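Same protein, same chain, two forms; see structure 1 and structure 2 below, as structure tokens.
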Structure 1
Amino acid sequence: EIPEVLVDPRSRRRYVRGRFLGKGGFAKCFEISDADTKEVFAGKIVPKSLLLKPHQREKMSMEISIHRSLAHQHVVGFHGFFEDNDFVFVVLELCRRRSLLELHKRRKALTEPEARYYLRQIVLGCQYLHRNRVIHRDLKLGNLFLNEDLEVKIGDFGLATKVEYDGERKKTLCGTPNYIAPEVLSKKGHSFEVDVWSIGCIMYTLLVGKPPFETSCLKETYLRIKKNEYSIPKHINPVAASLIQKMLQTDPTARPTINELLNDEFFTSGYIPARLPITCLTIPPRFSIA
């Protein structure tokens, strides 16, 4: 029941609603354009009908709060927000090549160089967030968006949280992540390290072709995560495999920090493309020399 047109009173810019793209939890998103400057954006549109509880509106506004404070090459650009009142509208940088999830659906396991290439950007993005005291808490493939140049852009700050004082441990995470860290479950509190754990799972998934703790039942996967029960297939190279293991460890203090990661042999001693062929959306790149 969403307005074909979208007016921001405060900045008066007006937007035309374009094609549907997908979900946030409560949200539906569409392409939209600035109608005057004709510039195109993603609009994440949330019905106030799902926002009747103060707890849900705090989440909604905590997301805007965190996201609009952020500016970086590997984070989804926040261009603004407004509401009438059946809807909140958020205006985001449009990522024209969907996300890493669709890439994975279509390619399954990637070539090592491809994985280095994406993982670096994910890590740079995450370094920026950690400098600004933000933990994302749900890094996964469908959150890692791609622009026309196939550069990674972290988005969906729907579960992100700000560390307000040094040493703070968050005790709750209101929602259910994909790649969720041990300590979140064995609810002893969590901090920045949960994101490095996610990046471990993502790395496994990119290289192996499926996620490290998959089962027919979520609750089973959870048990498996609490027990650190996964195995790395023997055809994965050891440097890679070793880095995965560093990140996928139950004690958060033993994982690498995020600023520490790009220093790993996995990046320093392997090839990292400067850019990828658009063909790699569907065809494995061979990375020939001439």
Structure 2
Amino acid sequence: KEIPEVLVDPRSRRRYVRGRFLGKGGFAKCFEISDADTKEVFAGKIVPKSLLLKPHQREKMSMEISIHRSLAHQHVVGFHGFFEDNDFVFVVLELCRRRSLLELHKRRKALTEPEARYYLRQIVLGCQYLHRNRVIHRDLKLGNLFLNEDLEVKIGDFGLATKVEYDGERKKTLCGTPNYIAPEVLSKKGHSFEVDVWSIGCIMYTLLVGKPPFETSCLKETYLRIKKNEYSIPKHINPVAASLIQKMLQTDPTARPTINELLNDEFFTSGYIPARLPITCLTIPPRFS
């Protein structure tokens, strides 16, 4: 019932002092934890084994760990290890000290295009790495796109992730409900890598427009709009960006750009990408050029 003040990994011998509470992450309580020797600080995800009923929460825990630990990329949350005691599962992740795009979004709403471009490029590069390693994230959203001290995006939260095991595999099952539901998830047809492109589409819309593309006050109406592809890009959005949104937010998953084609859109290869975002960009709009 009580979380240890010191976390001891039986395997690696590393010992971690439990620090400040960061919040719940689903079923997990999360804390800043510091290595007693090296003094490095990490984000610790602590999941009570009592909440790991064998169904969708347990093997989900194993899947997140299996997938995440196999990953290493500039734009993926660092995985630093996992271990357990009789009562808890402990996951040691990279502490992302500038929060997530959710916090940014709440403060800023619509970003400037150069900002969106800066963030989106990193999101796409990160997701390209996943796809090339046969991983679909399936739950990309503002809250799991973390920022480090350099305001580099780190893709986190692999709780809905799956590994494509063979070519042309159609996934039919998720161990939870994604934030942005792709049309093909609403359908019986199954789904694949294109669900991440859909979510990146939603994210790009939200970053540029300042509100989600489909969401209304009624889930039924929302789901209906998704399946009918009913959304509107405001007229002040620039054509290249608008066009790219339209390419991603299409019902037919085969009609969307692959992640590589997405990375290579005019939106990224032209238009300004700042060398640096000033730290003011977490709170107020920045001036450019």
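Each residue is numbered by where it sits in the sequence of structure 1, with counting from 1. The term rigid core refers to the most C-alpha atoms you can superpose between the two forms while keeping them within 1.5 Å.
Only one entry in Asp84, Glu168, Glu102, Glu220 has its C-alpha moved by 2 angstroms or more between structures 1 and 2 when the rigid core is superposed, and that entry is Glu220. Once both forms are fitted on their rigid core, the CA atom of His55 lies 2 Å or more apart between structures 1 and 2.
CA movement of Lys23 between structures 1 and 2 equals 2.8 Å, with the two forms superposed on the rigid core. Structural comparison between structures 1 and 2 after rigid-core fitting shows the C-alpha of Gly158 displaced 0.2 Å.
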